[PDB]
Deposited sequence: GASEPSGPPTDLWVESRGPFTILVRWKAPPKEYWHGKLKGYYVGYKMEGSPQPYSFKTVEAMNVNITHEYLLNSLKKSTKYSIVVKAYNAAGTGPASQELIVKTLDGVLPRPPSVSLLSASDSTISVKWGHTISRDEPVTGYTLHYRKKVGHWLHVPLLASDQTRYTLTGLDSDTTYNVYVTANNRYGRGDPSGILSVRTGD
């Protein structure tokens, strides 16, 4: 049993506001653990800064999943380099490659709240809400359970209601809404599932 010899895989970073960055990753292959993993360290620093990396400890014994961690308390509109390491009972393993990501210039809108209105054999009607302070528009996301996500871009000036048309009958669709801002796209709402009538 030794320290891991491989970096985490499938690293993905995305800034979710002026102060926060969402980091996703997967574990290294089983052949590079050398001892069951106890967790990870997520490293971050300002891109060119001479200061060293700051590491956040993320405990994750559960594996076979996509791990994610929300860095917070960051600086507005600045670029950071992000890495992730793995560790076990023995020492820490090697870090992943750097992903450089910039924080946003402002706060994103809150995730909307979606609710079902009605459903027919070929249509589904949906309401949503703001709980916002300035929103610039929305996007409605829908799919059939077995299919791929389709997108309906929308304007904030309209009524916050929409009716999907031309749908298959006796088919379960999933629906959710995202809000839009000058600074970017907010988190998604919860996914509404409903089946069309026969």
| query | finding |
| --- | --- |
| Stretches with no C-alpha position, numbering per deposited sequence from 1 | 1, 135 to 137 |
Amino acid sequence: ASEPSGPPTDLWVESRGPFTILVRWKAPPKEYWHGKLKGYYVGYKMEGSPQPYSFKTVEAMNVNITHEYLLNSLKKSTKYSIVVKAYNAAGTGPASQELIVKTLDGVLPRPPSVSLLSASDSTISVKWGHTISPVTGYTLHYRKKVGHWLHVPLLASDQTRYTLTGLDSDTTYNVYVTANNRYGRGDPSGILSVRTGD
From here on, numbers count along this sequence of modelled residues.
property: Which of 124 to 132 and 80 to 88 has higher mean CA B factor, as the PDB entry lists it; result: 124 to 132
property: Comparing 65 to 73 with 151 to 159, the one whose average Cα B-factor in the PDB entry is higher; result: 151 to 159
property: Maximum C-alpha temperature factor, selected from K38, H141, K26, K30; result: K38
property: Relative C-alpha B-factor of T178, binned into the chain's lowest, middle or highest third; result: middle
property: Relative C-alpha B-factor of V58, binned into the chain's lowest, middle or highest third; result: middle
property: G6 CA temperature factor, ranked by third within the chain; result: lowest
property: Chain-wide C-alpha B factor ranking for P111, given as lowest, middle or highest third; result: middle
